Amino acid sequence: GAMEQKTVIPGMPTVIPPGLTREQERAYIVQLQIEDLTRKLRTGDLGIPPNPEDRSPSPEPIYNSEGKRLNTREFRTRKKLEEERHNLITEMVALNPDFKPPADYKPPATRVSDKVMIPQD
């Protein structure tokens, strides 16, 4: 539970092919995790049930400064998933420059500043 949680893909064994480098190993491992993560955002495969307490009436989605409203809980989960994937994307792109990220993925740009964007290594 909690909003701070690394969502893992359980049941995916990764047998590393020999002749890989430690960087390339991760890239192979992360690619599988990336697709599986994306599978998760694609179909909603979370395996994480909502709290029973949540059926109590909740406030309606907040608007952005641009006046655009969006979904709050849906988006929180889906965006979080994209961040898991992105975490791997940034890692895999660093490990392999020739890596091709998924099509729904878009690289980070300084267009976003609605929150605090602090880079991570």
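Note: ideal-geometry Cβ built from the backbone for every residue, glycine included; neighbour counts use all protein chains shown. Derivation of every value follows stated rules applied to the coordinates shown; laboratory data play no part.
Considering (1) farther than 26 Å from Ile118 by Cα; (2) in contact (Cβ under 8 Å) with a residue 40 or more places away in the chain; (3) under 16 Å from the mean Cα position of the chain (by Cα), the lone condition that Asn51 does not fulfil carries the number (3). Only a single item in (1) within 28 Å of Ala2 (Cα to Cα); (2) in contact (Cβ under 8 Å) with a residue 60 or more places away in the chain; (3) aromatic (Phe, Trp, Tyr) is not met by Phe75, and it is number (2).
Exactly one residue out of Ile34, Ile9 is assigned to a helix (DSSP H, G or I) and within 23 Å of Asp104 (Cα to Cα): that is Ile34. Among the candidates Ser58, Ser65, the residue that is of a type in the set (S, T, N, Q) and either touching a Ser or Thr at 6+ places or on another chain (Cβ under 7 Å) or farther than 21 Å from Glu4 by Cα (or both) is uniquely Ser65.
Can you name the residue in the range 81-97 that is of a type in the set (A, V, I, L, M) and in contact with a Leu (Cβ under 8 Å, 6 or more places away or on another chain) and, of all such residues, is nearest to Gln33 (Cα to Cα)? Among those that are of a type in the set (A, V, I, L, M) and in contact with a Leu (Cβ under 8 Å, 6 or more places away or on another chain), it is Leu88. Within the range 47-77, the set of residues being part of a loop (DSSP other than H, G, I, E, B) and either charged (D, E, K, R) or surrounded by 11 or more Cβ atoms within 10 Å (Cβ to Cβ) (or both) comprises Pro50, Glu60, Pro61, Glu66, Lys68, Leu70, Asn71, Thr72.
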